Amino acid sequence: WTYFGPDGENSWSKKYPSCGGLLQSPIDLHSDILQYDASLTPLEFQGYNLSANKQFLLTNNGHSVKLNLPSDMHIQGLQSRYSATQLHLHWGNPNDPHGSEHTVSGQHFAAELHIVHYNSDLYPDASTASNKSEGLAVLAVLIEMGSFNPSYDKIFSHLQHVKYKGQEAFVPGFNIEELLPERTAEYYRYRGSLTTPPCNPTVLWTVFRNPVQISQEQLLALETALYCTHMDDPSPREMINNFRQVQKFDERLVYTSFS
Amino acid sequence: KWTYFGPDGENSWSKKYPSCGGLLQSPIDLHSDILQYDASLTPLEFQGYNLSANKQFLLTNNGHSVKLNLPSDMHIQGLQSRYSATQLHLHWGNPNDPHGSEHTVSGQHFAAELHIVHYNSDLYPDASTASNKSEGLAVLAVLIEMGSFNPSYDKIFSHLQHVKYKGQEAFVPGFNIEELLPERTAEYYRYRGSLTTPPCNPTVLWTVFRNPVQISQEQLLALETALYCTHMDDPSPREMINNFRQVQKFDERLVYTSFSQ
Ligand SMILES: NS(=O)(=O)c1cccc(C(=O)CSc2ncccn2)c1
Ligand SMILES: NS(=O)(=O)c1cccc(C(=O)CSc2ncccn2)c1
Ligand SMILES: [Zn+2]
Ligand SMILES: [Zn+2]
């Protein structure tokens with residue numbers, strides 16, 4: 001599967017039936033579908049300050065760049081405890097640097113970070129959790145152009161060692177909480193899916209209301225570093241526009257922690 | 001069959017209609033990064049749009065939209081070939097989210113969208129043979145927003161409660177179709193794309209007018225609530241709502257504009 005051409009997103013449903021099933025993400029966050037829920041409590045991020053003496057595997061999986069995260073990282077504030085598994089990014093392209101997955105009032109942001117967690121009270125690991133009830137919880141951070149961000153540079157500075165699919169490098173531990181915005185207590189919450197194949201309708205989404213900033217140069221670096229193909233592919237393809245279009249969202253509601 | 005909701009909705013069109021997964025797909029979001037002014041883009045001329053009030057035209061609930069048949073003497077001039085009218089129809093949302101245009105502008109969905117469909121009659125016999133052939137189709141798009149009552153749109157809308165179910169027809173006396181067009185029709189977006197409905201043929205030259213028209217809250221609600229996708233006999237009716245396609249990726253391409261910004 002890809003994001004462009006014949007095996008692009010309108011064809012995902014052929015090999016991956018859930019990509020044309022229920023609860024699909026991402027969506028456009030707009031007033032007609034929002035409802036304040038005063039019961040939603042702020043999340044607490046535990047174990048996110050990773051030891052500088054430990055290291056963490058960065059991988060180009062052919063679709064994005066992922067960081068592996070340890071199952072001792074947890075979020076509190078959902079009904080079950082959810083432990084971390086990986087984080088990754090979605091982005092656009094230099095001529096159109098508007099590649100977030102979720103939109104707000106129809107507007108794309110430059111990019112989007114996802115911090116993926118699985119239900120560790122119910123399930124032993126992420127792979128088992130991925131296609132089961134209540135299995136996954138993703139945190140989403142919207143990214144715009146702004147000031148240089150030292151914390152996102154903790155990922156971006158390694159990008160030239162993972163240029164082709166399958167390549168790996170280690171990244172020393174850093175504080176994952178520095179990737180999060182201001183006032184995390186304000187967010188949108190809804191039931192949805194993976195935004196790539198296999199598109200399992202098994203995800204609890206929390207999209208923070210406030211965006212972070214990365215510089216133009218950091219954004220351009222991310223847009224131009226990577227390839228979807230293996231180092232010996234005779235038809236190389238750049239890793240750009242790796243985001244899904246927003247999905248229909250009807251007779252259903254997104255809940256907000258802010259009124 | 002195909003729908004806009006459930007197992008047969010738009011993510012699964014590609015399974016029965018392989019062009020829906022192919023190149024050049026519409027609709028799109030019209031936004032600054034992909035727009036460029038083209039000064040060679042001249043006004044279209046609308047000929048035979050003033051339909052005979054002594055003639056009647058067939059309006060049809062086809063299970064996916066409400067469609068008005070148009071005569072072959074109606075046409076657009078100004079493109080390389082003459083394109084002759086075949087039909088017009090609409091796309092809308094629903095009363096809880098009344099934002100069902102197909103094209104969007106700077107991420108803005110309008111309330112609804114009118115399409116006036118033409119075929120290249122210099123090169124081909126009729127619309128169905130023009131359909132899957134190169135530069136076979138041209139479509140005019142009007143973006144609709146909620147506001148003032150519109151007498152000309154009501155020439156169509158006043159029939160809606162008499163075509164509520166699939167297969168039903170009414171007769172509409174001729175009126176001036178140019179009166180469905182917005183102000184300053186010389187200002188438009190232009191690009192190569194596809195039919196927005198299966199079989200999604202990548203054969204459409206698009207013209208989307210810059211300026212929206214308005215219809216009243218009452219007219220928009222009648223459009224959103226009058227009609228069903230299913231036959232009159234159906235024990236389980238399905239409402240004809242949300243009959244618009246999501247915007248499509250549009251990468252390394254350009255939409256040209258006849259107005260400058
Ligand atoms: N963009 S996303 O966070 O919804 C996303 C898409 C696909 C996989 C993931 C994961 O974190 C791994 S869960 C998984 N991976 C492969 C196959 C099945 N599930 C996240
Ligand atoms: N929404 S649209 O203007 O792009 C559109 C949708 C569906 C059909 C049509 C036509 O009538 C073109 S002729 C045709 N109709 C159905 C199938 C194939 N060709 C136009
Ligand atoms: Zn993701
Ligand atoms: Zn149409």
# chains A, B, ... in the order shown; residues from 1 in each chain; ligands from 1
>>> residues_around(residues="segment 58-60 of chain B", least_positions_apart="4", cutoff="6 Å", atoms="only C-alpha atoms", output="number ranges by chain")
B: 66-69, 168-171
>>> write_last_selection(atoms="N, CA, C and O atoms", output="mmCIF file, in the first residue's frame")
data_model
loop_
_atom_site.group_PDB
_atom_site.id
_atom_site.type_symbol
_atom_site.label_atom_id
_atom_site.label_comp_id
_atom_site.auth_asym_id
_atom_site.auth_seq_id
_atom_site.Cartn_x
_atom_site.Cartn_y
_atom_site.Cartn_z
ATOM 1 N N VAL B 66 -30.999 14.420 -7.303
ATOM 2 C CA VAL B 66 -32.190 14.833 -8.069
ATOM 3 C C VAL B 66 -31.643 15.469 -9.335
ATOM 4 O O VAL B 66 -30.756 16.312 -9.245
ATOM 5 N N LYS B 67 -32.088 14.958 -10.495
ATOM 6 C CA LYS B 67 -31.452 15.315 -11.781
ATOM 7 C C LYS B 67 -32.446 15.946 -12.771
ATOM 8 O O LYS B 67 -33.512 15.438 -12.942
ATOM 9 N N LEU B 68 -32.072 17.038 -13.419
ATOM 10 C CA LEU B 68 -32.960 17.609 -14.431
ATOM 11 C C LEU B 68 -32.357 17.401 -15.821
ATOM 12 O O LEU B 68 -31.240 17.859 -16.068
ATOM 13 N N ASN B 69 -33.077 16.732 -16.731
ATOM 14 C CA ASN B 69 -32.531 16.525 -18.078
ATOM 15 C C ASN B 69 -32.461 17.878 -18.821
ATOM 16 O O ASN B 69 -33.352 18.700 -18.657
ATOM 17 N N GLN B 168 -39.007 8.161 -9.291
ATOM 18 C CA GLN B 168 -40.090 9.126 -9.548
ATOM 19 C C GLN B 168 -39.643 10.309 -10.393
ATOM 20 O O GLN B 168 -38.501 10.689 -10.318
ATOM 21 N N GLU B 169 -40.574 10.904 -11.143
ATOM 22 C CA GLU B 169 -40.286 11.940 -12.141
ATOM 23 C C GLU B 169 -41.310 12.998 -11.988
ATOM 24 O O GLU B 169 -42.479 12.713 -11.595
ATOM 25 N N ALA B 170 -40.890 14.214 -12.317
ATOM 26 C CA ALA B 170 -41.775 15.364 -12.501
ATOM 27 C C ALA B 170 -41.357 16.108 -13.769
ATOM 28 O O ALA B 170 -40.265 15.928 -14.260
ATOM 29 N N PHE B 171 -42.224 17.008 -14.234
ATOM 30 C CA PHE B 171 -41.983 17.832 -15.435
ATOM 31 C C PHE B 171 -41.804 19.238 -14.948
ATOM 32 O O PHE B 171 -42.602 19.697 -14.127
#
>>> residues_near_ligand(ligand="ligand 4", cutoff="12 Å", atoms="only C-alpha atoms and all ligand atoms", output="mmCIF file with N, CA, C and O atoms, in the first residue's frame")
data_model
loop_
_atom_site.group_PDB
_atom_site.id
_atom_site.type_symbol
_atom_site.label_atom_id
_atom_site.label_comp_id
_atom_site.auth_asym_id
_atom_site.auth_seq_id
_atom_site.Cartn_x
_atom_site.Cartn_y
_atom_site.Cartn_z
ATOM 1 N N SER B 26 -11.648 13.907 -8.726
ATOM 2 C CA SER B 26 -12.322 15.091 -8.098
ATOM 3 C C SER B 26 -13.338 14.620 -7.015
ATOM 4 O O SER B 26 -13.740 13.444 -7.047
ATOM 5 N N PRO B 27 -13.800 15.544 -6.100
ATOM 6 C CA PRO B 27 -13.491 16.987 -5.995
ATOM 7 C C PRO B 27 -12.203 17.245 -5.231
ATOM 8 O O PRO B 27 -11.540 16.287 -4.838
ATOM 9 N N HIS B 64 -29.435 8.594 -6.182
ATOM 10 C CA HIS B 64 -28.200 9.202 -5.719
ATOM 11 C C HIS B 64 -28.236 10.731 -5.646
ATOM 12 O O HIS B 64 -27.429 11.347 -4.904
ATOM 13 N N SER B 65 -29.099 11.350 -6.440
ATOM 14 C CA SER B 65 -29.287 12.835 -6.496
ATOM 15 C C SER B 65 -30.659 13.149 -7.144
ATOM 16 O O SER B 65 -31.434 12.218 -7.449
ATOM 17 N N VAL B 66 -30.999 14.420 -7.303
ATOM 18 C CA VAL B 66 -32.190 14.833 -8.069
ATOM 19 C C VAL B 66 -31.643 15.469 -9.335
ATOM 20 O O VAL B 66 -30.756 16.312 -9.245
ATOM 21 N N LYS B 67 -32.088 14.958 -10.495
ATOM 22 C CA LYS B 67 -31.452 15.315 -11.781
ATOM 23 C C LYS B 67 -32.446 15.946 -12.771
ATOM 24 O O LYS B 67 -33.512 15.438 -12.942
ATOM 25 N N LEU B 68 -32.072 17.038 -13.419
ATOM 26 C CA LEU B 68 -32.960 17.609 -14.431
ATOM 27 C C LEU B 68 -32.357 17.401 -15.821
ATOM 28 O O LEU B 68 -31.240 17.859 -16.068
ATOM 29 N N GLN B 87 -27.443 17.273 -18.485
ATOM 30 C CA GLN B 87 -28.297 17.239 -17.292
ATOM 31 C C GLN B 87 -27.692 18.150 -16.233
ATOM 32 O O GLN B 87 -26.522 18.564 -16.370
ATOM 33 N N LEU B 88 -28.461 18.475 -15.196
ATOM 34 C CA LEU B 88 -27.868 19.137 -13.994
ATOM 35 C C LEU B 88 -28.381 18.367 -12.776
ATOM 36 O O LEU B 88 -29.364 17.614 -12.876
ATOM 37 N N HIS B 89 -27.713 18.534 -11.636
ATOM 38 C CA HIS B 89 -28.094 17.842 -10.409
ATOM 39 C C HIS B 89 -27.320 18.514 -9.270
ATOM 40 O O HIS B 89 -26.454 19.405 -9.506
ATOM 41 N N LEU B 90 -27.598 18.076 -8.042
ATOM 42 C CA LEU B 90 -27.004 18.673 -6.831
ATOM 43 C C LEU B 90 -26.388 17.656 -5.828
ATOM 44 O O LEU B 90 -26.633 16.473 -5.930
ATOM 45 N N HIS B 91 -25.666 18.183 -4.859
ATOM 46 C CA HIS B 91 -24.956 17.457 -3.780
ATOM 47 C C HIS B 91 -25.147 18.277 -2.529
ATOM 48 O O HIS B 91 -25.036 19.486 -2.581
ATOM 49 N N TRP B 92 -25.528 17.641 -1.419
ATOM 50 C CA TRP B 92 -25.744 18.366 -0.162
ATOM 51 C C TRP B 92 -25.408 17.546 1.070
ATOM 52 O O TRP B 92 -25.047 16.364 0.955
ATOM 53 N N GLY B 100 -22.461 20.418 2.688
ATOM 54 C CA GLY B 100 -22.303 19.341 1.707
ATOM 55 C C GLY B 100 -21.924 19.691 0.265
ATOM 56 O O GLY B 100 -22.221 18.892 -0.644
ATOM 57 N N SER B 101 -21.163 20.780 0.048
ATOM 58 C CA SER B 101 -20.524 20.958 -1.257
ATOM 59 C C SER B 101 -19.481 19.856 -1.527
ATOM 60 O O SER B 101 -19.073 19.102 -0.625
ATOM 61 N N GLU B 102 -19.079 19.725 -2.782
ATOM 62 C CA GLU B 102 -18.050 18.750 -3.142
ATOM 63 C C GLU B 102 -16.666 19.444 -3.098
ATOM 64 O O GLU B 102 -15.740 19.018 -2.381
ATOM 65 N N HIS B 103 -16.550 20.526 -3.870
ATOM 66 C CA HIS B 103 -15.335 21.318 -3.813
ATOM 67 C C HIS B 103 -15.377 22.180 -2.527
ATOM 68 O O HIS B 103 -16.469 22.554 -2.064
ATOM 69 N N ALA B 112 -24.013 23.412 -0.290
ATOM 70 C CA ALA B 112 -24.403 22.545 -1.392
ATOM 71 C C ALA B 112 -23.653 22.974 -2.672
ATOM 72 O O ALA B 112 -22.825 23.855 -2.644
ATOM 73 N N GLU B 113 -23.886 22.243 -3.754
ATOM 74 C CA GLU B 113 -23.145 22.446 -5.042
ATOM 75 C C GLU B 113 -24.035 21.959 -6.178
ATOM 76 O O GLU B 113 -24.592 20.853 -6.124
ATOM 77 N N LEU B 114 -24.130 22.775 -7.211
ATOM 78 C CA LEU B 114 -24.901 22.442 -8.421
ATOM 79 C C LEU B 114 -23.870 22.061 -9.476
ATOM 80 O O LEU B 114 -22.834 22.772 -9.641
ATOM 81 N N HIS B 115 -24.153 21.001 -10.220
ATOM 82 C CA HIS B 115 -23.344 20.663 -11.406
ATOM 83 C C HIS B 115 -24.153 20.643 -12.687
ATOM 84 O O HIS B 115 -25.238 20.049 -12.737
ATOM 85 N N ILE B 116 -23.653 21.339 -13.697
ATOM 86 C CA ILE B 116 -24.296 21.388 -15.024
ATOM 87 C C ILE B 116 -23.346 20.651 -15.987
ATOM 88 O O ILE B 116 -22.194 21.091 -16.207
ATOM 89 N N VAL B 117 -23.787 19.496 -16.438
ATOM 90 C CA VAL B 117 -22.913 18.517 -17.096
ATOM 91 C C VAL B 117 -23.095 18.646 -18.612
ATOM 92 O O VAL B 117 -24.234 18.670 -19.085
ATOM 93 N N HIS B 118 -21.967 18.803 -19.323
ATOM 94 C CA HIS B 118 -21.900 18.899 -20.802
ATOM 95 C C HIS B 118 -20.953 17.850 -21.379
ATOM 96 O O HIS B 118 -20.036 17.350 -20.689
ATOM 97 N N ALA B 138 -17.348 18.314 -19.934
ATOM 98 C CA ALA B 138 -17.115 19.537 -19.164
ATOM 99 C C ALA B 138 -18.224 19.820 -18.180
ATOM 100 O O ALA B 138 -19.397 19.787 -18.551
ATOM 101 N N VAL B 139 -17.855 20.171 -16.941
ATOM 102 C CA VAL B 139 -18.875 20.421 -15.901
ATOM 103 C C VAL B 139 -18.653 21.794 -15.274
ATOM 104 O O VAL B 139 -17.500 22.143 -14.914
ATOM 105 N N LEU B 140 -19.731 22.586 -15.226
ATOM 106 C CA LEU B 140 -19.821 23.813 -14.476
ATOM 107 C C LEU B 140 -20.256 23.563 -13.056
ATOM 108 O O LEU B 140 -21.290 22.926 -12.826
ATOM 109 N N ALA B 141 -19.509 24.096 -12.085
ATOM 110 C CA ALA B 141 -19.892 23.908 -10.656
ATOM 111 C C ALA B 141 -20.270 25.252 -10.039
ATOM 112 O O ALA B 141 -19.504 26.229 -10.194
ATOM 113 N N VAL B 142 -21.443 25.288 -9.401
ATOM 114 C CA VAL B 142 -21.874 26.415 -8.573
ATOM 115 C C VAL B 142 -21.858 26.032 -7.112
ATOM 116 O O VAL B 142 -22.511 25.081 -6.673
ATOM 117 N N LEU B 143 -21.107 26.810 -6.355
ATOM 118 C CA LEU B 143 -21.121 26.627 -4.899
ATOM 119 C C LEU B 143 -22.331 27.332 -4.281
ATOM 120 O O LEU B 143 -22.607 28.505 -4.604
ATOM 121 N N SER B 194 -12.242 14.477 -12.717
ATOM 122 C CA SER B 194 -13.053 13.324 -12.960
ATOM 123 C C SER B 194 -14.492 13.574 -12.583
ATOM 124 O O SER B 194 -14.811 14.552 -11.903
ATOM 125 N N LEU B 195 -15.371 12.682 -13.039
ATOM 126 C CA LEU B 195 -16.686 12.585 -12.415
ATOM 127 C C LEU B 195 -16.487 12.262 -10.922
ATOM 128 O O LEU B 195 -15.621 11.437 -10.594
ATOM 129 N N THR B 196 -17.292 12.888 -10.058
ATOM 130 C CA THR B 196 -17.171 12.713 -8.562
ATOM 131 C C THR B 196 -18.020 11.572 -8.055
ATOM 132 O O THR B 196 -18.054 11.332 -6.850
ATOM 133 N N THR B 197 -18.653 10.865 -8.992
ATOM 134 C CA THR B 197 -19.530 9.749 -8.709
ATOM 135 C C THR B 197 -19.007 8.525 -9.511
ATOM 136 O O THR B 197 -18.385 8.697 -10.562
ATOM 137 N N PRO B 198 -19.215 7.288 -9.025
ATOM 138 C CA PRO B 198 -18.836 6.148 -9.898
ATOM 139 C C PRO B 198 -19.554 6.304 -11.287
ATOM 140 O O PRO B 198 -20.708 6.747 -11.323
ATOM 141 N N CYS B 200 -16.472 7.329 -11.861
ATOM 142 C CA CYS B 200 -15.320 8.238 -11.641
ATOM 143 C C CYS B 200 -14.399 8.506 -12.857
ATOM 144 O O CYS B 200 -13.183 8.698 -12.691
ATOM 145 N N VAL B 204 -13.074 14.822 -17.174
ATOM 146 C CA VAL B 204 -13.847 16.074 -16.983
ATOM 147 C C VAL B 204 -12.952 17.281 -16.992
ATOM 148 O O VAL B 204 -12.018 17.402 -16.187
ATOM 149 N N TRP B 206 -13.099 20.673 -15.512
ATOM 150 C CA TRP B 206 -13.893 21.411 -14.485
ATOM 151 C C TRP B 206 -13.868 22.900 -14.600
ATOM 152 O O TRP B 206 -12.799 23.454 -14.794
ATOM 153 N N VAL B 208 -15.224 25.760 -11.899
ATOM 154 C CA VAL B 208 -15.927 26.023 -10.643
ATOM 155 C C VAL B 208 -16.008 27.526 -10.507
ATOM 156 O O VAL B 208 -14.936 28.236 -10.426
ATOM 157 N N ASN B 243 -24.759 13.386 0.245
ATOM 158 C CA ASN B 243 -24.424 12.773 -1.109
ATOM 159 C C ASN B 243 -23.316 13.553 -1.858
ATOM 160 O O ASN B 243 -23.486 13.968 -2.991
ATOM 161 N N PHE B 244 -22.197 13.805 -1.160
ATOM 162 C CA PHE B 244 -21.027 14.476 -1.691
ATOM 163 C C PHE B 244 -19.780 13.583 -1.386
ATOM 164 O O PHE B 244 -19.739 12.838 -0.336
ATOM 165 N N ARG B 245 -18.778 13.650 -2.286
ATOM 166 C CA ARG B 245 -17.542 12.908 -2.114
ATOM 167 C C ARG B 245 -16.539 13.746 -1.251
ATOM 168 O O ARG B 245 -16.505 15.024 -1.378
#
>>> closest_atom_pairs(of="chain A", to="ligand 3", cutoff="7 Å", atoms="only C-alpha atoms and all ligand atoms", output="CSV")
residue,atom,partner,partner_atom_place_in_ligand_line,distance
A:88,CA,ligand 3,1 (Zn),6.1
A:89,CA,ligand 3,1 (Zn),6.2
A:90,CA,ligand 3,1 (Zn),6.4
A:113,CA,ligand 3,1 (Zn),6.9
A:114,CA,ligand 3,1 (Zn),5.1
A:195,CA,ligand 3,1 (Zn),6.2
>>> residues_near_ligand(ligand="ligand 1", cutoff="6 Å", atoms="only C-alpha atoms and all ligand atoms", output="list in words")
residues 86, 114, 116, 130, 194, 195, 196 and 198 of chain A
>>> closest_atom_pairs(of="chain A", to="chain B", cutoff="9 Å", atoms="only C-alpha atoms", output="Markdown table")
| residue | atom | partner | partner_atom | distance |
| --- | --- | --- | --- | --- |
| A:3 | CA | B:249 | CA | 9.0 |
| A:4 | CA | B:249 | CA | 8.3 |
| A:5 | CA | B:22 | CA | 6.7 |
| A:6 | CA | B:22 | CA | 5.8 |
| A:7 | CA | B:21 | CA | 7.9 |
| A:8 | CA | B:21 | CA | 7.3 |
| A:9 | CA | B:21 | CA | 7.9 |
| A:10 | CA | B:21 | CA | 5.1 |
| A:11 | CA | B:21 | CA | 5.6 |
| A:12 | CA | B:11 | CA | 7.9 |
| A:13 | CA | B:12 | CA | 5.9 |
| A:14 | CA | B:15 | CA | 6.4 |
| A:17 | CA | B:12 | CA | 8.6 |
| A:19 | CA | B:11 | CA | 7.1 |
| A:20 | CA | B:11 | CA | 4.9 |
| A:21 | CA | B:7 | CA | 6.4 |
| A:22 | CA | B:6 | CA | 7.5 |
| A:32 | CA | B:97 | CA | 5.7 |
| A:33 | CA | B:97 | CA | 7.7 |
| A:93 | CA | B:251 | CA | 8.7 |
| A:95 | CA | B:33 | CA | 6.9 |
| A:96 | CA | B:33 | CA | 5.8 |
| A:97 | CA | B:33 | CA | 8.8 |
| A:105 | CA | B:107 | CA | 7.7 |
| A:106 | CA | B:107 | CA | 4.5 |
| A:107 | CA | B:107 | CA | 5.6 |
| A:108 | CA | B:107 | CA | 8.1 |
| A:241 | CA | B:251 | CA | 8.3 |
| A:244 | CA | B:249 | CA | 8.9 |
| A:245 | CA | B:248 | CA | 7.1 |
| A:246 | CA | B:246 | CA | 7.5 |
| A:247 | CA | B:246 | CA | 7.2 |
| A:248 | CA | B:246 | CA | 7.3 |
| A:250 | CA | B:97 | CA | 8.3 |
| A:251 | CA | B:96 | CA | 8.1 |
>>> closest_residue(among="A:171, A:58, A:126, A:38", to="residue 71 of chain A", atoms="only C-alpha atoms")
A:126
>>> atom_distance(atom1="atom CA of residue 191 of chain B", atom2="atom 17 (C, counted along the ligand's line) of ligand 2")
20.1 Å
>>> closest_residue(among="A:18, A:133, A:24, A:151", to="residue 205 of chain A", atoms="only C-alpha atoms")
A:24
>>> residues_around(residues="residue 226 of chain B", least_positions_apart="3", cutoff="10 Å", atoms="only C-alpha atoms", output="ChimeraX atom specification")
/B:157,159-165,221-223,239-241
>>> select_by_dssp(residues="segment 66-249 of chain A", states="helix (DSSP H, G or I)", output="JSON, numbers by chain")
{"A": [126, 127, 128, 129, 150, 151, 152, 153, 154, 155, 156, 159, 160, 161, 176, 177, 178, 179, 216, 217, 218, 219, 220, 221, 222, 223, 224, 225]}
>>> write_last_selection(atoms="N, CA, C and O atoms", output="short mmCIF file (atom, residue, chain, number, x, y, z; two decimals), in the first residue's frame")
data_model
loop_
_atom_site.label_atom_id
_atom_site.label_comp_id
_atom_site.auth_asym_id
_atom_site.auth_seq_id
_atom_site.Cartn_x
_atom_site.Cartn_y
_atom_site.Cartn_z
N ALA A 126 1.37 -4.66 22.03
CA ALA A 126 0.64 -3.83 21.03
C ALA A 126 0.07 -4.63 19.86
O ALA A 126 -1.06 -4.36 19.41
N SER A 127 0.81 -5.64 19.40
CA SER A 127 0.42 -6.47 18.28
C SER A 127 -0.89 -7.23 18.54
O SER A 127 -1.75 -7.36 17.65
N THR A 128 -1.00 -7.76 19.75
CA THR A 128 -2.17 -8.50 20.22
C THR A 128 -3.33 -7.52 20.42
O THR A 128 -4.46 -7.78 19.96
N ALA A 129 -3.02 -6.38 21.02
CA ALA A 129 -4.02 -5.32 21.31
C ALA A 129 -4.63 -4.65 20.06
O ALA A 129 -5.75 -4.21 20.13
N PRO A 150 14.09 22.46 19.98
CA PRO A 150 15.24 21.60 20.35
C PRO A 150 14.78 20.16 20.58
O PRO A 150 15.46 19.21 20.17
N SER A 151 13.58 20.00 21.14
CA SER A 151 13.07 18.65 21.45
C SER A 151 12.71 17.82 20.23
O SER A 151 13.08 16.63 20.12
N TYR A 152 11.99 18.42 19.29
CA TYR A 152 11.77 17.68 18.01
C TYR A 152 13.11 17.43 17.27
O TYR A 152 13.24 16.42 16.58
N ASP A 153 14.11 18.31 17.42
CA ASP A 153 15.42 18.03 16.85
C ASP A 153 16.13 16.78 17.41
O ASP A 153 16.95 16.17 16.71
N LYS A 154 15.74 16.34 18.61
CA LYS A 154 16.18 15.07 19.15
C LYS A 154 15.81 13.85 18.31
O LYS A 154 16.53 12.85 18.33
N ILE A 155 14.71 13.96 17.55
CA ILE A 155 14.39 12.98 16.48
C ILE A 155 15.01 13.36 15.11
O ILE A 155 15.63 12.51 14.43
N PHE A 156 14.79 14.61 14.69
CA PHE A 156 15.16 15.04 13.33
C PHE A 156 16.66 14.98 13.02
O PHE A 156 17.06 14.72 11.87
N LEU A 159 17.83 11.75 11.08
CA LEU A 159 16.99 11.34 9.92
C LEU A 159 17.85 10.79 8.79
O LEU A 159 17.46 9.83 8.12
N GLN A 160 19.06 11.38 8.59
CA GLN A 160 19.94 10.94 7.48
C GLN A 160 20.48 9.50 7.65
O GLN A 160 21.07 8.93 6.74
N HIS A 161 20.29 8.89 8.82
CA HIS A 161 20.67 7.46 8.97
C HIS A 161 19.58 6.50 8.80
O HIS A 161 19.80 5.27 8.93
N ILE A 176 10.06 12.67 26.46
CA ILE A 176 9.04 12.63 25.43
C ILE A 176 7.99 13.75 25.69
O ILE A 176 7.37 14.28 24.77
N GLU A 177 7.83 14.15 26.95
CA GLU A 177 6.81 15.16 27.28
C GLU A 177 7.11 16.53 26.67
O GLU A 177 6.20 17.39 26.54
N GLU A 178 8.36 16.77 26.32
CA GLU A 178 8.73 18.01 25.64
C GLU A 178 8.19 18.13 24.22
O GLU A 178 8.22 19.21 23.66
N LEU A 179 7.74 17.01 23.64
CA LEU A 179 7.07 17.03 22.31
C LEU A 179 5.61 17.51 22.37
O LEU A 179 4.98 17.78 21.32
N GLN A 216 10.96 26.36 9.91
CA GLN A 216 10.83 26.05 8.49
C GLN A 216 11.88 25.10 8.09
O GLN A 216 11.63 24.26 7.26
N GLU A 217 13.08 25.23 8.68
CA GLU A 217 14.17 24.41 8.22
C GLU A 217 14.00 23.00 8.71
O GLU A 217 14.29 22.09 7.96
N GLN A 218 13.48 22.84 9.94
CA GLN A 218 13.17 21.52 10.52
C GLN A 218 12.06 20.83 9.70
O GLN A 218 12.15 19.66 9.42
N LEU A 219 11.03 21.57 9.38
CA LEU A 219 9.95 21.02 8.54
C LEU A 219 10.45 20.59 7.14
O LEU A 219 10.09 19.50 6.64
N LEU A 220 11.28 21.44 6.49
CA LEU A 220 11.80 21.11 5.19
C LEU A 220 12.69 19.83 5.25
O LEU A 220 12.60 18.99 4.37
N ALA A 221 13.47 19.68 6.34
CA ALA A 221 14.30 18.52 6.59
C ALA A 221 13.49 17.28 6.67
O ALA A 221 13.88 16.28 6.07
N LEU A 222 12.37 17.36 7.39
CA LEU A 222 11.51 16.19 7.55
C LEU A 222 10.86 15.80 6.20
O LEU A 222 10.83 14.63 5.85
N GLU A 223 10.39 16.78 5.46
CA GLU A 223 9.79 16.57 4.14
C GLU A 223 10.71 15.98 3.04
O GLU A 223 10.18 15.46 2.04
N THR A 224 12.03 16.14 3.18
CA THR A 224 12.99 15.81 2.11
C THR A 224 13.98 14.68 2.47
O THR A 224 14.83 14.32 1.63
N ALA A 225 13.93 14.17 3.71
CA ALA A 225 14.97 13.20 4.20
C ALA A 225 14.79 11.77 3.76
O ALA A 225 15.80 11.02 3.51
#
>>> residues_around(residues="residue 256 of chain A", least_positions_apart="5", cutoff="12 Å", atoms="only C-alpha atoms", output="ChimeraX atom specification")
/A:29-31,33-42,185-190,205-209
>>> select_by_dssp(residues="segment 98-236 of chain A", states="strand (DSSP E)", output="PyMOL selection string")
chain A and resi 103-104+111-119+136-145+168-172+187-192+203-208+212-214
